[PDB]
Every structure is written in C-alpha cells, then in structure tokens.
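Counting starts at 1 for both ligands and their atoms, following the listed order. Along the sequence shown, residues carry numbers from 1.
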Amino acid sequence: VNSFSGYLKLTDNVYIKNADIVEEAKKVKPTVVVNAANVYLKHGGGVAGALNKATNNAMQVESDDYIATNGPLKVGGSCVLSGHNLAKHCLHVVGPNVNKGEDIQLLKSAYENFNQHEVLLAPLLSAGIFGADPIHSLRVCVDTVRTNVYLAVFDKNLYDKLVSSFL
Ligand SMILES: Nc1ncn(C[C@H]2CCCO2)c2ncnc1-2
C-alpha cells in the first residue's frame, strides 16, 4: 500500500490523476518526484519552473552546482538530485523538446529512466510546452515504464481527453 489517493488505474503499474504535480508532491512527499527538465537544468517554466518556485529556488541553486561540475545532461537522460521540501529525491528527466527540433524516439529513452525507481510521482514527458502530443507520451509511458508511476496531469480538459482516448 502507498499514500497516493484519487488516481484512476490505467494498467497494472500506471495510474493517472487530474492534479498539479507541485500540489501532489507537497501532500504525498513521495520518495521520487520527476521533473520535466532540460539538459541545462534551467527550471524556467512548466513543471520545472513550478517545482523550482515551490522550493524557493533551492532546486535551481543545487542544479547550477550540478551542471558546473558535470556539464549538461543528454536528451533522454536524467540525474537524481534532492527533492527539497517536495520529495526525498527529484529525478530530473530530459524528454525531447519538439519546439527545439529533438527526435521524438528519444521519449522512450527518457521514460526508461523511471525503471530505476520502484515508485514515482511524474508528469507526462515531452507534453505541454515541450511540443509533443500528450496522448503519445502516455502511450510511450505505459509501454516503457514497468515500475509504479503516478501521473499528475495539471490541465483539466487534457486529463479527460487522455482517459477517454486511452486504449
Ligand atoms: N504545474 C504543472 N505545470 C505544467 N504541467 C504540464 C502541463 C502539461 C500537461 C498538464 O499540465 C504539469 N503537469 C503536472 N503539473 C504541471
């Protein structure tokens, strides 16, 4: 048993809810919250800016030190950093950004990072401002992630569309 509440079950291991990933993290304090990161860990908007704002910019300070030491992530890659006040850990995952021209095939590689963690609270990668089709992102998630993933979809008519259209 875990603390996640109000989720619709899509598959054996994937669950979905209409919720802000920030509000959910503050309530649950999950072991792992996933950030929709970029390779520079510049947390300006979408999930990264909201998560970072909720940490009072401590996520950005930590991220800047990570990049200064290690250099940028790969598209499709990830790193584990602190979850600050939101979670034990934050898994920063870089999905491809369609609005920058990145290969959508890298979305599967991005979701494979989730399999290193038994349970995660996550957004849909590459959806929203990243330019990918969220219906596609949910299909890749279900077909790639084998660990238990709780998807928070912030946008209301998108949640309803994802559920209604789910195969
Ligand atoms: N605070 C937040 N900002 C942005 N997104 C992404 C967009 C695209 C899907 C619906 O929301 C979030 N997902 C969960 N929480 C989110």
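- Atoms CZ and CG, from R139 and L107 in turn, are 12.5 Å apart once rounded to the nearest 0.5 Å.
- Listed by first and then second residue, the ring-ring contact (aromatic ring centres under 6.0 Å, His included) pairs that reach into residues 80-108 are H43-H92, sequence neighbours excluded.
- The ring-ring contact (aromatic ring centres under 6.0 Å, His included) pairs that include a residue from residues 46-66 number zero, where partners must be two or more places apart or lie in different chains.
- The two atoms that bring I129 and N99 nearest to each other are O-ND2, 2.6 Å, heavy atoms only.
- Remark: the backbone N or O of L41 is paired with a side-chain donor or acceptor of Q60 at under 3.5 angstrom.
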Run through all N or O atoms in ligand 1 and write down each protein N or O closer than 3.5 Å, as a pair with its distance.
{"unit_1": "ligand 1", "atom_1": "1 (N)", "unit_2": "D20", "atom_2": "OD1", "d": "2.8"}
{"unit_1": "ligand 1", "atom_1": "15 (N)", "unit_2": "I21", "atom_2": "N", "d": "2.9"}

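- Within the structure, the ring-ring contact (aromatic ring centres under 6.0 Å, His included) test picks out the following pairs touching residues 107-148 (sequence neighbours left out): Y111-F114.
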